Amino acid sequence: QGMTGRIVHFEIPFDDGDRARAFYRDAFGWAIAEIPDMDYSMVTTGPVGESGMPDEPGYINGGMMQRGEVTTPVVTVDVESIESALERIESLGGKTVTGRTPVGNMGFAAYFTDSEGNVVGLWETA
């Protein structure tokens, strides 16, 4: 709460999941877990608390997904309401790519393009 606007998450798309996961595990030592029922791989880049959230400032965790909606890496902005945010984004000259979508029981995601045509994510907590 009170985190509106913050960049809280990132996504990296892949063509070959096993290859991509091995690459990042090997290159940087990321902890990556495939989550079959959510169709993505959770990425942990730095330490987390008991709730799975970062336990120290200055970094974010993320996910890896099969390339599609995300054609290139995306950063994700926290908002109170995806519906309100998408309305505002369109009023300001951006465009919705994908509307509000549940992400397990954790929250809701969407994608938009900014004024420069870049794809950016939104996150609304459940």
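Numbering starts at 1 and runs along the sequence shown.
Tell me which stretch, 21 to 29 or 114 to 122, has the higher mean Cα B-factor listed in the entry.
Higher mean C-alpha B-factor: 21 to 29.
Taking the mean of the C-alpha B-factors per stretch from the entry, tell me the winner out of 32 to 40 and 71 to 79.
The entry gives the higher C-alpha B-factor average to 32 to 40.
What's the residue among 62, 52, 46, 58 with the greatest CA temperature factor in the PDB record?
In the PDB entry, the greatest C-alpha B-factor among 62, 52, 46, 58 is found at 52.
Among the chain's modelled residues, which third holds the C-alpha B-factor of residue 11?
Lowest third.
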